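**Q** Submitted below is the structure of interest, expressed as structure tokens.
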Amino acid sequence: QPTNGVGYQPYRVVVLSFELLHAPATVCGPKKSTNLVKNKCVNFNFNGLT
Amino acid sequence: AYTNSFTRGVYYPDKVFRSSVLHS
Ligand SMILES: *[C@@H]1O[C@H](CO)[C@@H](O)[C@H](O)[C@H]1NC(C)=O
């Protein structure tokens with residue numbers, strides 16, 4: 001009821017369970033990919049694996 | 001009825017590549 005005190009008001013809930021695994025990704029953040037370089041020392045990030 | 005399982009029924013415990021190793 002709209003007259004309820006805040007502890008007795010309704011709250012909507014979402015729980016985001018991240019399937020963080022050593023496995024192929026299908027959800028990723030909004031990050032731009034570069035070209036790939038080989039046989040040279042580079043800094044890198046593969047699917048967040050820095 | 002019953003039979004012996006021998007050493008059947010083992011699987012890859014995780015999705016990580018490994019080679020030339022003994023893993024507990
Ligand atoms: C267990 O399996 C063997 C064959 O592998 C069978 O001869 C035996 O009867 C089984 N054990 C019991 C308690 O029945």
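Labels for the structure tokens follow display order: chains A, B, ..., residues from 1 in each chain, ligands from 1.
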Counting only C-alpha atoms and all ligand atoms, what are the residues, protein, DNA or RNA alike, that approach ligand 1 to within 10 Å? I want them as a PyMOL selection string.

**A** chain B and resi 1-6

**Q** Kindly determine which residues of chain A lie within 10 Å of chain B, considering only C-alpha atoms, and give the answer as a list in words.

**A** residues 21, 22, 23 and 24 of chain A

**Q** By how many Å are atom CA of residue A:14 and atom CA of residue A:28 apart?

**A**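 Taking atom CA of residue A:14 as the start and atom CA of residue A:28 as the end point, the length is 18.9 Å.
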
**Q** Neighbouring residues of residue A:47 were defined as those with any atom within 10 Å, considering only C-alpha atoms; residues of the same chain fewer than 6 positions away were excluded. Please report them as a JSON list (two decimals) with N, CA and C atoms, in the first residue's frame.

**A**
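out23.json, freshly written:
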```json
[["chain", "number", "residue", "atom", "x", "y", "z"],
["A", 24, "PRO", "N", 34.93, -19.86, -23.23],
["A", 24, "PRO", "CA", 34.56, -18.88, -24.26],
["A", 24, "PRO", "C", 33.58, -17.83, -23.73],
["A", 25, "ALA", "N", 33.81, -16.57, -24.08],
["A", 25, "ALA", "CA", 32.94, -15.46, -23.71],
["A", 25, "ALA", "C", 31.81, -15.26, -24.73],
["A", 26, "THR", "N", 30.65, -14.78, -24.27],
["A", 26, "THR", "CA", 29.60, -14.29, -25.18],
["A", 26, "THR", "C", 28.98, -12.97, -24.73],
["A", 27, "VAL", "N", 29.17, -12.55, -23.48],
["A", 27, "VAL", "CA", 28.85, -11.20, -23.01],
["A", 27, "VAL", "C", 30.17, -10.49, -22.73],
["A", 28, "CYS", "N", 30.38, -9.31, -23.29],
["A", 28, "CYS", "CA", 31.58, -8.52, -23.05],
["A", 28, "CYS", "C", 31.24, -7.04, -22.86],
["A", 29, "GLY", "N", 32.08, -6.29, -22.16],
["A", 29, "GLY", "CA", 31.94, -4.84, -22.04],
["A", 29, "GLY", "C", 32.20, -4.09, -23.35],
["A", 31, "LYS", "N", 34.26, -2.51, -25.24],
["A", 31, "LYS", "CA", 35.70, -2.26, -25.48],
["A", 31, "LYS", "C", 36.11, -2.52, -26.94],
["A", 33, "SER", "N", 38.42, -3.56, -30.00],
["A", 33, "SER", "CA", 39.55, -4.43, -30.34],
["A", 33, "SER", "C", 40.56, -3.75, -31.27]]
```

**Q** To one decimal place in Å, what is the distance between atom CA of residue A:17 and atom CA of residue A:48?

**A**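 These atoms are spaced 17.4 Å apart.
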
**Q** One number please: atom CA of residue A:32 to atom CA of residue A:44, in Å, one decimal.

**A**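 One can read the atom CA of residue A:32 to atom CA of residue A:44 distance as 12.9 Å.
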